[PDB]
$ cat input-v9.pdb   # PDB, C-alpha atoms
ATOM      1  CA  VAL A 867       9.718 -42.400  30.271  1.00  0.00           C
ATOM      2  CA  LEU A 868       9.642 -44.953  27.461  1.00  0.00           C
ATOM      3  CA  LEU A 869      11.912 -42.783  25.328  1.00  0.00           C
ATOM      4  CA  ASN A 870      14.071 -41.145  28.011  1.00  0.00           C
ATOM      5  CA  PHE A 871      16.122 -44.297  28.557  1.00  0.00           C
ATOM      6  CA  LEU A 872      17.302 -44.245  24.934  1.00  0.00           C
ATOM      7  CA  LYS A 873      19.490 -41.216  25.700  1.00  0.00           C
ATOM      8  CA  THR A 874      20.357 -42.037  29.331  1.00  0.00           C
ATOM      9  CA  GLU A 875      20.856 -45.790  29.670  1.00  0.00           C
ATOM     10  CA  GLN A 876      23.211 -47.475  27.237  1.00  0.00           C
ATOM     11  CA  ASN A 877      23.278 -51.211  27.998  1.00  0.00           C
ATOM     12  CA  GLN A 878      22.483 -52.809  24.671  1.00  0.00           C
ATOM     13  CA  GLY A 879      20.041 -55.421  25.957  1.00  0.00           C
ATOM     14  CA  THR A 880      18.071 -52.778  27.826  1.00  0.00           C
ATOM     15  CA  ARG A 881      17.777 -50.684  24.669  1.00  0.00           C
ATOM     16  CA  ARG A 882      16.688 -53.686  22.613  1.00  0.00           C
ATOM     17  CA  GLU A 883      14.034 -54.468  25.203  1.00  0.00           C
ATOM     18  CA  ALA A 884      12.843 -50.861  25.200  1.00  0.00           C
ATOM     19  CA  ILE A 885      12.444 -50.726  21.435  1.00  0.00           C
ATOM     20  CA  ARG A 886      10.779 -54.138  21.546  1.00  0.00           C
ATOM     21  CA  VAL A 887       8.239 -52.749  23.996  1.00  0.00           C
ATOM     22  CA  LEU A 888       7.635 -49.760  21.747  1.00  0.00           C
ATOM     23  CA  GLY A 889       7.133 -52.005  18.737  1.00  0.00           C
ATOM     24  CA  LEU A 890       4.709 -54.326  20.503  1.00  0.00           C
ATOM     25  CA  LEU A 891       2.688 -51.361  21.715  1.00  0.00           C
ATOM     26  CA  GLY A 892       3.186 -49.912  18.280  1.00  0.00           C
ATOM     27  CA  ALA A 893       3.129 -46.667  16.345  1.00  0.00           C
ATOM     28  CA  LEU A 894       0.668 -44.306  17.953  1.00  0.00           C
ATOM     29  CA  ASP A 895       0.006 -41.584  15.407  1.00  0.00           C
ATOM     30  CA  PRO A 896       1.243 -38.266  16.820  1.00  0.00           C
ATOM     31  CA  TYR A 897      -2.163 -36.611  16.649  1.00  0.00           C
ATOM     32  CA  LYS A 898      -3.518 -38.781  19.449  1.00  0.00           C
ATOM     33  CA  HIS A 899      -0.208 -38.355  21.269  1.00  0.00           C
ATOM     34  CA  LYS A 900      -0.846 -34.621  21.437  1.00  0.00           C
ATOM     35  CA  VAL A 901      -4.555 -35.141  22.162  1.00  0.00           C
ATOM     36  CA  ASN A 902      -3.636 -37.124  25.260  1.00  0.00           C
ATOM     37  CA  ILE A 903      -0.763 -34.680  25.865  1.00  0.00           C
ATOM     38  CA  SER A 927       5.144 -13.537  33.868  1.00  0.00           C
ATOM     39  CA  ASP A 928       8.156 -14.245  31.656  1.00  0.00           C
ATOM     40  CA  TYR A 929       6.446 -12.804  28.553  1.00  0.00           C
ATOM     41  CA  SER A 930       7.314  -9.196  29.403  1.00  0.00           C
ATOM     42  CA  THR A 931      10.786 -10.266  30.520  1.00  0.00           C
ATOM     43  CA  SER A 932      11.234 -11.996  27.164  1.00  0.00           C
ATOM     44  CA  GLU A 933      10.286  -8.754  25.413  1.00  0.00           C
ATOM     45  CA  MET A 934      12.820  -7.036  27.665  1.00  0.00           C
ATOM     46  CA  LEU A 935      15.427  -9.484  26.367  1.00  0.00           C
ATOM     47  CA  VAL A 936      14.705  -8.064  22.887  1.00  0.00           C
ATOM     48  CA  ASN A 937      13.908  -4.461  23.978  1.00  0.00           C
ATOM     49  CA  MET A 938      10.550  -4.238  22.268  1.00  0.00           C
ATOM     50  CA  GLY A 939      10.021  -0.892  24.021  1.00  0.00           C
ATOM     51  CA  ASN A 940      13.142   0.462  22.271  1.00  0.00           C
ATOM     52  CA  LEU A 941      14.813   1.737  25.418  1.00  0.00           C
ATOM     53  CA  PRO A 942      18.184   3.461  25.042  1.00  0.00           C
ATOM     54  CA  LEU A 943      21.111   1.232  25.943  1.00  0.00           C
ATOM     55  CA  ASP A 944      21.901   3.160  29.136  1.00  0.00           C
ATOM     56  CA  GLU A 945      18.616   2.153  30.800  1.00  0.00           C
ATOM     57  CA  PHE A 946      18.905  -1.306  29.238  1.00  0.00           C
ATOM     58  CA  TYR A 947      21.962  -2.811  30.933  1.00  0.00           C
ATOM     59  CA  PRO A 948      20.441  -2.426  34.430  1.00  0.00           C
ATOM     60  CA  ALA A 949      17.336  -4.380  33.443  1.00  0.00           C
ATOM     61  CA  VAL A 950      19.179  -7.329  31.928  1.00  0.00           C
ATOM     62  CA  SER A 951      21.776  -7.495  34.700  1.00  0.00           C
ATOM     63  CA  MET A 952      18.943  -7.414  37.234  1.00  0.00           C
ATOM     64  CA  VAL A 953      16.979 -10.202  35.569  1.00  0.00           C
ATOM     65  CA  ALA A 954      20.164 -12.258  35.406  1.00  0.00           C
ATOM     66  CA  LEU A 955      20.750 -11.814  39.127  1.00  0.00           C
ATOM     67  CA  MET A 956      17.125 -12.595  39.998  1.00  0.00           C
ATOM     68  CA  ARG A 957      17.300 -15.767  37.942  1.00  0.00           C
ATOM     69  CA  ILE A 958      19.906 -17.281  40.250  1.00  0.00           C
ATOM     70  CA  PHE A 959      18.502 -15.556  43.343  1.00  0.00           C
ATOM     71  CA  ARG A 960      15.034 -17.100  42.925  1.00  0.00           C
ATOM     72  CA  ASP A 961      16.337 -20.662  42.611  1.00  0.00           C
ATOM     73  CA  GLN A 962      16.683 -22.287  46.021  1.00  0.00           C
ATOM     74  CA  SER A 963      18.832 -25.134  44.671  1.00  0.00           C
ATOM     75  CA  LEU A 964      21.930 -22.908  44.667  1.00  0.00           C
ATOM     76  CA  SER A 965      21.466 -20.576  47.623  1.00  0.00           C
TER      77      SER A 965
END

$ encode --input "input-v9.pdb" --output "structure tokens"
Amino acid sequence: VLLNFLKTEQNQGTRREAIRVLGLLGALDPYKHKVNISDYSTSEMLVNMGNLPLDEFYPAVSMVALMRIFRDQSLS
């Protein structure tokens, strides 16, 4: 949330204040930043790892496309 405002909010004073905050806190080395922190088969279907013939391939991809919008409740 410190960095998100740099690409969303644009008012110059706000950005100067944000970077000032970052500087005062100051340069955490990324290692500690990381320390503090199924679609797999469908992904292989997107590449056809199983080497299916194209005829039995279009149904799978069209289906996964339809399920992608059908699962999301935001646009029902």

$ resolve_selection --input "input-v9.pdb" --expression "the PyMOL selection byres ((chain A and resi 949) around 12)" --output "compact mmCIF listing (two decimals) with C-alpha atoms, keeping the file's coordinate frame"
# COMPACT_ATOMS: atom_id res chain seq x y z
CA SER A 930 7.31 -9.20 29.40
CA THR A 931 10.79 -10.27 30.52
CA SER A 932 11.23 -12.00 27.16
CA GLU A 933 10.29 -8.75 25.41
CA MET A 934 12.82 -7.04 27.66
CA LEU A 935 15.43 -9.48 26.37
CA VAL A 936 14.70 -8.06 22.89
CA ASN A 937 13.91 -4.46 23.98
CA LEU A 941 14.81 1.74 25.42
CA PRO A 942 18.18 3.46 25.04
CA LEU A 943 21.11 1.23 25.94
CA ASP A 944 21.90 3.16 29.14
CA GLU A 945 18.62 2.15 30.80
CA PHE A 946 18.90 -1.31 29.24
CA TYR A 947 21.96 -2.81 30.93
CA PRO A 948 20.44 -2.43 34.43
CA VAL A 950 19.18 -7.33 31.93
CA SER A 951 21.78 -7.50 34.70
CA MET A 952 18.94 -7.41 37.23
CA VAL A 953 16.98 -10.20 35.57
CA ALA A 954 20.16 -12.26 35.41
CA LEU A 955 20.75 -11.81 39.13
CA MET A 956 17.12 -12.60 40.00

$ closest_residue --input "input-v9.pdb" --among "A:868, A:874, A:962, A:939" --to "residue A:889" --atoms "all atoms listed in the file"
A:868

$ residues_around --input "input-v9.pdb" --residues "stretch 869-872 of chain A" --least-positions-apart "4" --cutoff "9 Å" --atoms "all atoms listed in the file" --output "ChimeraX atom specification"
/A:876,880-881,884-885,888

$ atom_distance --input "input-v9.pdb" --atom1 "atom CA of residue A:927" --atom2 "atom CA of residue A:960"
13.9 Å
